[PDB]
Amino acid sequence: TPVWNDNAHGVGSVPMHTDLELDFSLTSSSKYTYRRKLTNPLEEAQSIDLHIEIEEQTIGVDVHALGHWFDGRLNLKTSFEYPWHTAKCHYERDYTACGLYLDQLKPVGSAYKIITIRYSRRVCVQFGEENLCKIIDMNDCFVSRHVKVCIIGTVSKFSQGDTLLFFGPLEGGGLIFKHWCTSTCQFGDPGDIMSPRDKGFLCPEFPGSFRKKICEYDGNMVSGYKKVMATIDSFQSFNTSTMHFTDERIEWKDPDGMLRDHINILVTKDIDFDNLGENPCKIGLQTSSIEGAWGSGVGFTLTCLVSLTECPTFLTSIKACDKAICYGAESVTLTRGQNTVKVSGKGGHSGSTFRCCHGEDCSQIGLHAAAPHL
Amino acid sequence: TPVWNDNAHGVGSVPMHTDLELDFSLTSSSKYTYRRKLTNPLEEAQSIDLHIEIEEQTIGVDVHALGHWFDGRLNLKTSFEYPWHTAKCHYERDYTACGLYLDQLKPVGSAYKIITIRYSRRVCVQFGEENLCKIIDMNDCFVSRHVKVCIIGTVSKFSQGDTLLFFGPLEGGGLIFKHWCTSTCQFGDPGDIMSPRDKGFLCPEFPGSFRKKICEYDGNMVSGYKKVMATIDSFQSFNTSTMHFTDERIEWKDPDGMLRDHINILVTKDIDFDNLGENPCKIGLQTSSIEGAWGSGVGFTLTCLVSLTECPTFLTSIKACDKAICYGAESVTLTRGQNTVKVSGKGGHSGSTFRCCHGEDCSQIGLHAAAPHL
Amino acid sequence: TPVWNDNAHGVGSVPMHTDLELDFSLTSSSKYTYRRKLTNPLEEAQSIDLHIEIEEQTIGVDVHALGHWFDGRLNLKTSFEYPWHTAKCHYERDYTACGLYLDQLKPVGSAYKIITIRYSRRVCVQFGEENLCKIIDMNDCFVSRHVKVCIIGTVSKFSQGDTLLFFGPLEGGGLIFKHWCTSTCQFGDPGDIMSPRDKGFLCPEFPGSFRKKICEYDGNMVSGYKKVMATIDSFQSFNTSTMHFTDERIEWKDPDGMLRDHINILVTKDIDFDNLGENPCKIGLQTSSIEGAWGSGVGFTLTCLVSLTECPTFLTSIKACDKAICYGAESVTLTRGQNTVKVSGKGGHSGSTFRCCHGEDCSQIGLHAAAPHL
Ligand SMILES: *[C@@H]1O[C@H](CO[C@H]2O[C@@H](C)[C@@H](O)[C@@H](O)[C@@H]2O)[C@@H](O[C@@H]2O[C@H](CO)[C@@H](O)[C@H](O)[C@H]2NC(C)=O)[C@H](O)[C@H]1NC(C)=O
Ligand SMILES: *[C@@H]1O[C@H](CO[C@H]2O[C@@H](C)[C@@H](O)[C@@H](O)[C@@H]2O)[C@@H](O[C@@H]2O[C@H](CO)[C@@H](O)[C@H](O)[C@H]2NC(C)=O)[C@H](O)[C@H]1NC(C)=O
Ligand SMILES: *[C@@H]1O[C@H](CO[C@H]2O[C@@H](C)[C@@H](O)[C@@H](O)[C@@H]2O)[C@@H](O[C@@H]2O[C@H](CO)[C@@H](O)[C@H](O)[C@H]2NC(C)=O)[C@H](O)[C@H]1NC(C)=O
Ligand SMILES: [K+]
Ligand SMILES: [K+]
Ligand SMILES: [K+]
Ligand code: NA
């Protein structure tokens, strides 16, 4: 007969036994503070200090670092071992030999492929001498005995698969590219000339033809960087503040003040809220195996061994997390005893050890995923 | 003076005459159950059984089935009726004849073009001996005399125009392509070699040049499938559960437990809610004509003859539906007597008979739309 | 100790001291009207007229007008000053001279690049003899002493960077293109042949090769318009109603009745709401400088000189606006005295004079931004 479930983040309330509601649309890039002494109607001398602090919206993007994009010049030469044999990016016809090669290479920016986008606000609530701070994801709720804070919002600026380009120390801003070349890179494309890491170019294709007249090449001669700069107003910029780059992840606060989200704060002073996720179930967790990759839009799968006690069944979520960042979650009805739960995730880096987690509790160790693009 | 309107799905309430509110963020891939005996404060012995069941979020995607994508090898031959004349996909130069043809063809997956995306949850509410189940679309509300259930959410995983690729019996997962070739398919593109149905290839272009030295071809020689596999981590996977393929439609439950939506449940025990859509207007419906296409991003238009009685005017919505799936809706202020209402829709298949509908009531017959891509 | 903040648009309420709540999901393309006499329980003879009018959802899109897209025929000629020298779009090989040129040109539609998308509803509230109308952006709130109206919604039909094509006097509808050519336009692409203004073509590239046999060209010979028409069902249409084109901006009401948003209306009859943005701070504004461009996805930056009095600090937003349309906003904690605030914006046209604004108050003059695509 019991069907415990903690996937509901929120409360049951009696609207007559609720004392305060704050409901408002808040500038995404703004913090908010509320302070009030909660006093009895007139029939006491007891007051409770309420102090709520909501921080500015933060974006967290799991990415794959693509390395640097380059500008360069396409040069044509004739040989009748070719002179341009040392050039990393080249193309030749063997009739008299005609040759193309890239030179005057210069990095113009750092590119990042978006894997996951998540927005959040840090929310701190003091009620009496209770003090609790939590990072609340957009469309999730802060839940406590006396205070509920729900954030509801939508943003459509960034999409998975977008490529972000930063031209300089671009704590400041960047460009969004929706068509960065991937499976086919031709000279002239956004992303045409890349260096994924320190050394080594991924060279673009040269789709045109040679003619042996003095060699000629009848394909495009203009680099992707120059073609993009020539129509730069066609592309979308974004701005950033307090950037935080870590391996395969970027966090910042978008200073775009045109964006808003919705905040609802409900307070009960005397009788506790009914926490809709309340349960007596107890969970133990360890990792079993992993497969798949970090830094990948295809992702990984973490297998967890999950022990349930004190309940016959428990509907809940098991997460793949590391250092308080979660990369995936699986909703599951656990049965008493041992359970095997597979969690699909995306993101992380080579040093990530993905742990099996429930709520704020995690396994003692995690597992590494494989590298992408091998 | 009267201005009846049923486009508002919700209730007017007096916050003092409301007995229970549930407000929470729910894992999209999780169900939720609430059971409670509603009892009088202390001054009676009468109790009402409240039982709410909210099912896991379902996605319904109206699609155009594109057929199978193929891998293949590009072969080059010389003829001085060509040997490769039986090859379906070929390219030749007539000087000595040089020829390209695709062979070693193999289907690698099934592709589907997204036309419409809609999310929903089935919601069942028992209040006393009243029992009602409804499929509630995201950002719509369940309305009854004593209980309101509103679902508010946003998802940004899929977009109209995306192409979904399933590699095997991919009850399991698939890939999202945002640049599947349409108006120009060149060999090497995602989607380059397609077979729309049983037999018959839509062949890709071969943009390169021949040279008569022994023939040479200086264009790309690598299939789209191989180019995509070589950078597979650049593409976004998704997972599925309890898939349901029907003609030009796919439904499933996304097991991504990182996604949440918002649920609000309001209960009044004694006095009924004010149903904001309440009205005495009566509607009769029949189809008149149709034009446009199923399986098409451009869509169709259903013309309806709509009779209004018992009201001078009625602001409402007329829908194009078949078998309890709706494909389009037009908001309209009807006038007493006959009205002509055009409803723009998208989706459906060759067997669809699009009916004119109001609320849960539909015309006796529907009309077929035309096929796309003729 | 004081920390005034007006970035919160909403109210604090005591759920016992609230008299009416309307909560509902409303068809986006529908208006809504609520009329009620607010009367005392039984212990008075005083009534307040409540009258709420919510208008249909409007979309406002800041765009860059791209001019007209053309259909045309690619012709091949041989010359052994070339005949086709007057043709604006041409390509030649100088061996006998082979030539390509476009002719039979015809405009097929007008194209617009999406820079910004915003949805809104005009909301009018009469409470007693108080009457106030405001345009409320989606995910913002109408706030008054006795009535709060919040709109919460999400739409995923249009995206920044999409190109909208209108084929005729397309008050009626249009097509969405997600891959309109920008940095590389080749003959055959959507957007291949453009005329940005009255005269002057931006000609596409012809990536193929000539051969001197009688000249031959082995590249694509089919215009982008014809290639798109041949697979028109692959593209997404949209419909429009009551269109309003102005320079670099389009407004309309989307008649898609499948879309909904959420409306919440809270009314207190006696005691005023606590306006969460209430403050004694006073602001004076003038422009200082501007840089950047209108009609550009990169945008502009307006520098404002902002004087704060009556408060030590004030957390607020400074906006860049002209004629009651706002193009950007910066959240900022002002300090008493003079402040310099930079506001990033996008949109507008050559005649726009971007002003520094706070709430409904603006500077006496604004500044012009520079033209894009120079
Ligand atoms: C969720 O999807 C993953 C991803 O694997 C699928 O990806 C699709 C894009 C498509 O290519 C499909 O063919 C492929 O299976 C599933 O994980 C995979 O499962 C297979 C079968 O056991 C393994 O061979 C793969 O190594 C494995 N990959 C990863 C990264 O784990 C997964 O099974 C599926 N379901 C769940 C519940 O996660
Ligand atoms: C809503 O749009 C449809 C779609 O037709 C338009 O599609 C645009 C993409 C663009 O190509 C435009 O030129 C085109 O008209 C309209 O339906 C069309 O109406 C015309 C005129 O009567 C007919 O010739 C078409 O057959 C018809 N097509 C379909 C599929 O019905 C429609 O009129 C418009 N308005 C409403 C209220 O639906
Ligand atoms: C917000 O971003 C703008 C845009 O400028 C940036 O755009 C990125 C896409 C990238 O190219 C980056 O290199 C570039 O700086 C910033 O405005 C720019 O600031 C620089 C430095 O002072 C000026 O040289 C530019 O003229 C100026 N451009 C515009 C349009 O104003 C801006 O500084 C940044 N921060 C804020 C708070 O707005
Ligand atoms: K080549
Ligand atoms: K060719
Ligand atoms: K060429
Ligand atoms: Na060529």
# chains A, B, ... in the order shown; residues from 1 in each chain; ligands from 1
>>> select_by_dssp(residues="range 103-288 of chain C", states="alpha helix (DSSP H)", output="PyMOL selection string")
chain C and resi 224-229
>>> residues_around(residues="residue 56 in chain C", least_positions_apart="4", cutoff="10 Å", atoms="only C-alpha atoms", output="ChimeraX atom specification")
/C:26-32,120-123,253-255
>>> write_last_selection(atoms="N, CA, C and O atoms", output="PDB file, in the first residue's frame")
ATOM      1  N   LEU C  26      -4.544  30.407 -21.232  1.00  0.00           N
ATOM      2  CA  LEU C  26      -5.295  31.138 -22.242  1.00  0.00           C
ATOM      3  C   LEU C  26      -4.683  30.937 -23.615  1.00  0.00           C
ATOM      4  O   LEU C  26      -3.471  31.084 -23.777  1.00  0.00           O
ATOM      5  N   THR C  27      -5.525  30.581 -24.584  1.00  0.00           N
ATOM      6  CA  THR C  27      -5.146  30.570 -25.994  1.00  0.00           C
ATOM      7  C   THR C  27      -4.366  31.833 -26.338  1.00  0.00           C
ATOM      8  O   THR C  27      -4.835  32.931 -26.084  1.00  0.00           O
ATOM      9  N   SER C  28      -3.176  31.689 -26.911  1.00  0.00           N
ATOM     10  CA  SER C  28      -2.348  32.867 -27.156  1.00  0.00           C
ATOM     11  C   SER C  28      -3.035  33.864 -28.076  1.00  0.00           C
ATOM     12  O   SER C  28      -2.923  35.083 -27.892  1.00  0.00           O
ATOM     13  N   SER C  29      -3.745  33.341 -29.068  1.00  0.00           N
ATOM     14  CA  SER C  29      -4.410  34.186 -30.046  1.00  0.00           C
ATOM     15  C   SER C  29      -5.793  34.698 -29.599  1.00  0.00           C
ATOM     16  O   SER C  29      -6.514  35.282 -30.404  1.00  0.00           O
ATOM     17  N   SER C  30      -6.148  34.488 -28.327  1.00  0.00           N
ATOM     18  CA  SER C  30      -7.433  34.948 -27.788  1.00  0.00           C
ATOM     19  C   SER C  30      -7.296  36.073 -26.780  1.00  0.00           C
ATOM     20  O   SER C  30      -6.353  36.109 -25.982  1.00  0.00           O
ATOM     21  N   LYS C  31      -8.261  36.987 -26.815  1.00  0.00           N
ATOM     22  CA  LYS C  31      -8.399  37.977 -25.759  1.00  0.00           C
ATOM     23  C   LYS C  31      -9.146  37.336 -24.594  1.00  0.00           C
ATOM     24  O   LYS C  31      -9.660  36.222 -24.717  1.00  0.00           O
ATOM     25  N   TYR C  32      -9.179  38.036 -23.467  1.00  0.00           N
ATOM     26  CA  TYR C  32      -9.948  37.601 -22.308  1.00  0.00           C
ATOM     27  C   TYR C  32     -10.513  38.814 -21.590  1.00  0.00           C
ATOM     28  O   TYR C  32      -9.822  39.819 -21.421  1.00  0.00           O
ATOM     29  N   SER C 120       4.147  39.744 -26.125  1.00  0.00           N
ATOM     30  CA  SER C 120       3.494  40.575 -25.115  1.00  0.00           C
ATOM     31  C   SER C 120       1.984  40.521 -25.234  1.00  0.00           C
ATOM     32  O   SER C 120       1.446  40.102 -26.253  1.00  0.00           O
ATOM     33  N   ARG C 121       1.307  40.952 -24.173  1.00  0.00           N
ATOM     34  CA  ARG C 121      -0.131  41.175 -24.202  1.00  0.00           C
ATOM     35  C   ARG C 121      -0.427  42.526 -23.581  1.00  0.00           C
ATOM     36  O   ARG C 121       0.114  42.867 -22.520  1.00  0.00           O
ATOM     37  N   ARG C 122      -1.318  43.286 -24.204  1.00  0.00           N
ATOM     38  CA  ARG C 122      -1.772  44.516 -23.577  1.00  0.00           C
ATOM     39  C   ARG C 122      -2.815  44.163 -22.522  1.00  0.00           C
ATOM     40  O   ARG C 122      -3.740  43.394 -22.781  1.00  0.00           O
ATOM     41  N   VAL C 123      -2.632  44.702 -21.323  1.00  0.00           N
ATOM     42  CA  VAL C 123      -3.489  44.379 -20.190  1.00  0.00           C
ATOM     43  C   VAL C 123      -4.065  45.667 -19.638  1.00  0.00           C
ATOM     44  O   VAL C 123      -3.320  46.587 -19.293  1.00  0.00           O
ATOM     45  N   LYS C 253       0.096  39.406 -34.861  1.00  0.00           N
ATOM     46  CA  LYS C 253      -0.518  38.490 -33.928  1.00  0.00           C
ATOM     47  C   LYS C 253      -0.543  37.125 -34.595  1.00  0.00           C
ATOM     48  O   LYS C 253      -1.110  36.976 -35.673  1.00  0.00           O
ATOM     49  N   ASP C 254       0.119  36.146 -33.977  1.00  0.00           N
ATOM     50  CA  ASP C 254       0.161  34.799 -34.524  1.00  0.00           C
ATOM     51  C   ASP C 254      -1.189  34.126 -34.269  1.00  0.00           C
ATOM     52  O   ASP C 254      -1.586  33.973 -33.130  1.00  0.00           O
ATOM     53  N   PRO C 255      -1.893  33.715 -35.336  1.00  0.00           N
ATOM     54  CA  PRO C 255      -3.220  33.111 -35.151  1.00  0.00           C
ATOM     55  C   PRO C 255      -3.184  31.608 -34.830  1.00  0.00           C
ATOM     56  O   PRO C 255      -4.224  30.941 -34.882  1.00  0.00           O
TER      57      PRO C 255
END
>>> interface_residues(of="chain A", to="chain C", cutoff="7 Å", atoms="only C-alpha atoms", output="JSON, numbers by chain")
{"A": [15, 16, 18, 19, 20, 21, 22, 23, 24, 25, 26, 27, 29, 30, 154, 208, 209, 218, 219, 227, 228, 231, 233, 234, 235, 236, 237, 255, 256, 257, 258, 260, 261, 262]}
>>> residues_near_ligand(ligand="ligand 2", cutoff="7 Å", atoms="only C-alpha atoms and all ligand atoms", output="list in words")
residues 291, 292, 293, 298, 299, 300, 301, 342, 343 and 344 of chain B; 166, 167, 168, 170, 172, 173, 174, 175, 237, 238 and 239 of chain C
>>> write_last_selection(atoms="N, CA, C and O atoms", output="PDB file, in the first residue's frame")
ATOM      1  N   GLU B 291      -7.507  22.126 -47.978  1.00  0.00           N
ATOM      2  CA  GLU B 291      -6.429  22.175 -48.949  1.00  0.00           C
ATOM      3  C   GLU B 291      -5.109  22.073 -48.240  1.00  0.00           C
ATOM      4  O   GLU B 291      -5.044  22.160 -47.022  1.00  0.00           O
ATOM      5  N   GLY B 292      -4.051  21.839 -48.996  1.00  0.00           N
ATOM      6  CA  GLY B 292      -2.768  21.632 -48.352  1.00  0.00           C
ATOM      7  C   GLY B 292      -2.482  20.169 -48.073  1.00  0.00           C
ATOM      8  O   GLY B 292      -3.225  19.274 -48.502  1.00  0.00           O
ATOM      9  N   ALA B 293      -1.401  19.927 -47.339  1.00  0.00           N
ATOM     10  CA  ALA B 293      -0.833  18.595 -47.273  1.00  0.00           C
ATOM     11  C   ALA B 293      -0.562  18.110 -45.858  1.00  0.00           C
ATOM     12  O   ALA B 293      -0.257  18.912 -44.969  1.00  0.00           O
ATOM     13  N   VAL B 298       4.612  23.006 -44.341  1.00  0.00           N
ATOM     14  CA  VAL B 298       3.745  24.082 -44.809  1.00  0.00           C
ATOM     15  C   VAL B 298       2.322  23.846 -44.308  1.00  0.00           C
ATOM     16  O   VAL B 298       1.644  24.787 -43.862  1.00  0.00           O
ATOM     17  N   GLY B 299       1.881  22.594 -44.354  1.00  0.00           N
ATOM     18  CA  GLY B 299       0.635  22.195 -43.714  1.00  0.00           C
ATOM     19  C   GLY B 299      -0.618  22.238 -44.565  1.00  0.00           C
ATOM     20  O   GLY B 299      -0.577  22.282 -45.797  1.00  0.00           O
ATOM     21  N   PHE B 300      -1.756  22.247 -43.887  1.00  0.00           N
ATOM     22  CA  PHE B 300      -3.046  22.248 -44.564  1.00  0.00           C
ATOM     23  C   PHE B 300      -3.964  23.284 -43.937  1.00  0.00           C
ATOM     24  O   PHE B 300      -3.661  23.819 -42.870  1.00  0.00           O
ATOM     25  N   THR B 301      -5.089  23.542 -44.597  1.00  0.00           N
ATOM     26  CA  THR B 301      -6.133  24.402 -44.044  1.00  0.00           C
ATOM     27  C   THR B 301      -7.492  23.714 -44.171  1.00  0.00           C
ATOM     28  O   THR B 301      -7.941  23.382 -45.270  1.00  0.00           O
ATOM     29  N   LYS B 342     -11.743  28.930 -40.885  1.00  0.00           N
ATOM     30  CA  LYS B 342     -10.604  28.220 -41.463  1.00  0.00           C
ATOM     31  C   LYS B 342      -9.584  27.892 -40.377  1.00  0.00           C
ATOM     32  O   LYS B 342      -9.178  28.763 -39.590  1.00  0.00           O
ATOM     33  N   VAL B 343      -9.190  26.625 -40.328  1.00  0.00           N
ATOM     34  CA  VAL B 343      -8.235  26.152 -39.328  1.00  0.00           C
ATOM     35  C   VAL B 343      -6.949  25.682 -40.007  1.00  0.00           C
ATOM     36  O   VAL B 343      -6.968  24.762 -40.834  1.00  0.00           O
ATOM     37  N   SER B 344      -5.835  26.329 -39.675  1.00  0.00           N
ATOM     38  CA  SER B 344      -4.546  25.924 -40.199  1.00  0.00           C
ATOM     39  C   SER B 344      -3.986  24.791 -39.370  1.00  0.00           C
ATOM     40  O   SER B 344      -3.960  24.872 -38.144  1.00  0.00           O
TER      41      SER B 344
ATOM     42  N   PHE C 166       8.800  36.307 -46.962  1.00  0.00           N
ATOM     43  CA  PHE C 166       7.439  36.613 -47.358  1.00  0.00           C
ATOM     44  C   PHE C 166       7.388  36.648 -48.877  1.00  0.00           C
ATOM     45  O   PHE C 166       8.106  37.409 -49.501  1.00  0.00           O
ATOM     46  N   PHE C 167       6.541  35.815 -49.474  1.00  0.00           N
ATOM     47  CA  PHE C 167       6.502  35.669 -50.933  1.00  0.00           C
ATOM     48  C   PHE C 167       5.683  36.735 -51.658  1.00  0.00           C
ATOM     49  O   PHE C 167       6.006  37.112 -52.781  1.00  0.00           O
ATOM     50  N   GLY C 168       4.612  37.205 -51.035  1.00  0.00           N
ATOM     51  CA  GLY C 168       3.799  38.244 -51.638  1.00  0.00           C
ATOM     52  C   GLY C 168       3.455  39.277 -50.592  1.00  0.00           C
ATOM     53  O   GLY C 168       4.187  39.425 -49.614  1.00  0.00           O
ATOM     54  N   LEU C 170       2.376  39.348 -47.916  1.00  0.00           N
ATOM     55  CA  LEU C 170       2.113  38.169 -47.117  1.00  0.00           C
ATOM     56  C   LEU C 170       1.631  38.478 -45.709  1.00  0.00           C
ATOM     57  O   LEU C 170       1.989  37.795 -44.743  1.00  0.00           O
ATOM     58  N   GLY C 172      -0.737  37.278 -44.066  1.00  0.00           N
ATOM     59  CA  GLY C 172      -1.272  35.965 -44.335  1.00  0.00           C
ATOM     60  C   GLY C 172      -0.308  34.978 -43.724  1.00  0.00           C
ATOM     61  O   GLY C 172      -0.650  34.306 -42.750  1.00  0.00           O
ATOM     62  N   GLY C 173       0.907  34.931 -44.278  1.00  0.00           N
ATOM     63  CA  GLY C 173       1.942  34.027 -43.790  1.00  0.00           C
ATOM     64  C   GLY C 173       3.336  34.210 -44.370  1.00  0.00           C
ATOM     65  O   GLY C 173       3.607  35.192 -45.042  1.00  0.00           O
ATOM     66  N   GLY C 174       4.224  33.261 -44.091  1.00  0.00           N
ATOM     67  CA  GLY C 174       5.588  33.278 -44.588  1.00  0.00           C
ATOM     68  C   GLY C 174       6.266  31.944 -44.340  1.00  0.00           C
ATOM     69  O   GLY C 174       5.633  31.007 -43.825  1.00  0.00           O
ATOM     70  N   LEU C 175       7.549  31.853 -44.705  1.00  0.00           N
ATOM     71  CA  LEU C 175       8.358  30.662 -44.433  1.00  0.00           C
ATOM     72  C   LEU C 175       9.508  31.005 -43.508  1.00  0.00           C
ATOM     73  O   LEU C 175      10.041  32.109 -43.569  1.00  0.00           O
ATOM     74  N   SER C 237       6.151  26.794 -42.473  1.00  0.00           N
ATOM     75  CA  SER C 237       5.359  28.000 -42.665  1.00  0.00           C
ATOM     76  C   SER C 237       4.883  28.561 -41.339  1.00  0.00           C
ATOM     77  O   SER C 237       4.824  27.851 -40.322  1.00  0.00           O
ATOM     78  N   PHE C 238       4.572  29.850 -41.346  1.00  0.00           N
ATOM     79  CA  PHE C 238       3.864  30.470 -40.225  1.00  0.00           C
ATOM     80  C   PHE C 238       2.789  31.378 -40.778  1.00  0.00           C
ATOM     81  O   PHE C 238       2.887  31.829 -41.914  1.00  0.00           O
ATOM     82  N   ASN C 239       1.752  31.638 -39.987  1.00  0.00           N
ATOM     83  CA  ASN C 239       0.713  32.562 -40.408  1.00  0.00           C
ATOM     84  C   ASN C 239       0.759  33.836 -39.587  1.00  0.00           C
ATOM     85  O   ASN C 239       1.302  33.862 -38.479  1.00  0.00           O
TER      86      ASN C 239
END
>>> select_by_dssp(residues="range 56-146 of chain A", states="strand (DSSP E)", output="PyMOL selection string")
chain A and resi 58-79+90-94+97-127+130-137+141-143
>>> atom_distance(atom1="CA of residue 192 in chain A", atom2="CA of residue 204 in chain A")
5.4 Å
>>> residues_around(residues="residue 75 in chain C", least_positions_apart="2", cutoff="9 Å", atoms="only C-alpha atoms", output="mmCIF file with N, CA, C and O atoms, in the first residue's frame")
data_model
loop_
_atom_site.group_PDB
_atom_site.id
_atom_site.type_symbol
_atom_site.label_atom_id
_atom_site.label_comp_id
_atom_site.auth_asym_id
_atom_site.auth_seq_id
_atom_site.Cartn_x
_atom_site.Cartn_y
_atom_site.Cartn_z
ATOM 1 N N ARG C 73 17.909 32.297 -64.221
ATOM 2 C CA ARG C 73 18.462 31.220 -65.035
ATOM 3 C C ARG C 73 19.943 31.426 -65.236
ATOM 4 O O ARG C 73 20.376 32.534 -65.527
ATOM 5 N N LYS C 77 27.870 30.833 -72.125
ATOM 6 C CA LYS C 77 28.228 31.359 -73.446
ATOM 7 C C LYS C 77 29.725 31.224 -73.733
ATOM 8 O O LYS C 77 30.525 31.060 -72.821
ATOM 9 N N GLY C 99 31.804 31.649 -70.459
ATOM 10 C CA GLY C 99 31.161 32.534 -69.507
ATOM 11 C C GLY C 99 29.860 32.011 -68.954
ATOM 12 O O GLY C 99 29.091 31.376 -69.663
ATOM 13 N N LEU C 100 29.645 32.254 -67.666
ATOM 14 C CA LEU C 100 28.351 32.048 -67.024
ATOM 15 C C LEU C 100 27.738 33.397 -66.704
ATOM 16 O O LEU C 100 28.450 34.307 -66.320
ATOM 17 N N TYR C 101 26.424 33.535 -66.843
ATOM 18 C CA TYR C 101 25.763 34.729 -66.330
ATOM 19 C C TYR C 101 24.313 34.418 -65.925
ATOM 20 O O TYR C 101 23.666 33.533 -66.504
ATOM 21 N N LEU C 102 23.813 35.123 -64.911
ATOM 22 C CA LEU C 102 22.409 35.003 -64.538
ATOM 23 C C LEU C 102 21.551 35.951 -65.366
ATOM 24 O O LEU C 102 21.926 37.099 -65.585
ATOM 25 N N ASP C 103 20.415 35.449 -65.841
ATOM 26 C CA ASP C 103 19.435 36.288 -66.528
ATOM 27 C C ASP C 103 18.036 35.756 -66.209
ATOM 28 O O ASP C 103 17.891 34.838 -65.397
ATOM 29 N N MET C 221 23.387 23.961 -61.827
ATOM 30 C CA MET C 221 22.721 24.885 -62.741
ATOM 31 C C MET C 221 21.326 25.308 -62.284
ATOM 32 O O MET C 221 20.650 26.029 -63.006
#
>>> closest_residue(among="B:171, B:92, B:55, B:44", to="ligand 1", atoms="only C-alpha atoms and all ligand atoms")
B:171
>>> atom_distance(atom1="CA of residue 191 in chain B", atom2="atom 2 (O, counted along the ligand's line) of ligand 1")
21.3 Å
>>> atom_distance(atom1="CA of residue 348 in chain B", atom2="CA of residue 230 in chain C")
21.1 Å
>>> residues_around(residues="residue 68 in chain B", least_positions_apart="6", cutoff="10 Å", atoms="only C-alpha atoms", output="tab-separated table (two decimals) with N, CA and C atoms, in the first residue's frame")
chain	number	residue	atom	x	y	z
B	106	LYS	N	24.15	0.23	-48.21
B	106	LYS	CA	23.59	-0.43	-47.03
B	106	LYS	C	22.80	0.58	-46.23
B	107	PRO	N	21.55	0.24	-45.85
B	107	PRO	CA	20.81	1.19	-45.01
B	107	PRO	C	21.41	1.25	-43.61
B	108	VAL	N	21.56	2.46	-43.08
B	108	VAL	CA	22.16	2.62	-41.77
B	108	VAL	C	21.17	3.15	-40.74
B	109	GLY	N	20.05	3.70	-41.20
B	109	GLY	CA	19.05	4.16	-40.24
B	109	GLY	C	17.81	4.74	-40.86
B	110	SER	N	16.82	5.00	-40.02
B	110	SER	CA	15.56	5.58	-40.46
B	110	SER	C	15.47	7.01	-39.97
B	111	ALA	N	15.11	7.92	-40.87
B	111	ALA	CA	15.11	9.33	-40.56
B	111	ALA	C	13.70	9.91	-40.57
B	112	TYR	N	13.46	10.89	-39.69
B	112	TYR	CA	12.15	11.52	-39.54
B	112	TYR	C	12.28	13.02	-39.36
B	165	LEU	N	17.26	10.63	-36.29
B	165	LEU	CA	17.77	9.42	-36.89
B	165	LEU	C	17.79	8.28	-35.89
B	166	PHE	N	17.20	7.16	-36.29
B	166	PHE	CA	17.23	5.95	-35.50
B	166	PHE	C	18.05	4.91	-36.24
B	167	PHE	N	19.11	4.41	-35.61
B	167	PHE	CA	20.04	3.50	-36.28
B	167	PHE	C	19.60	2.04	-36.32
B	191	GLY	N	22.36	12.84	-44.57
B	191	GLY	CA	21.19	12.68	-45.41
B	191	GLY	C	21.48	12.57	-46.89
B	193	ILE	N	22.44	10.15	-49.12
B	193	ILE	CA	21.81	9.07	-49.88
B	193	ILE	C	20.55	8.56	-49.18
B	194	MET	N	19.39	8.87	-49.74
B	194	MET	CA	18.13	8.48	-49.11
B	194	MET	C	17.33	7.55	-50.01
B	195	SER	N	16.57	6.64	-49.41
B	195	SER	CA	15.49	5.97	-50.13
B	195	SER	C	14.19	6.29	-49.42
B	196	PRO	N	13.39	7.21	-49.97
B	196	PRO	CA	12.13	7.66	-49.35
B	196	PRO	C	11.16	6.53	-49.01
B	197	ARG	N	11.10	5.50	-49.84
B	197	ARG	CA	10.23	4.35	-49.57
B	197	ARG	C	10.93	3.04	-49.94
B	198	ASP	N	10.16	2.02	-50.31
B	198	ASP	CA	10.71	0.70	-50.64
B	198	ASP	C	11.87	0.79	-51.63
B	201	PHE	N	16.11	5.57	-55.03
B	201	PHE	CA	17.01	6.45	-54.30
B	201	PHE	C	16.81	7.89	-54.73
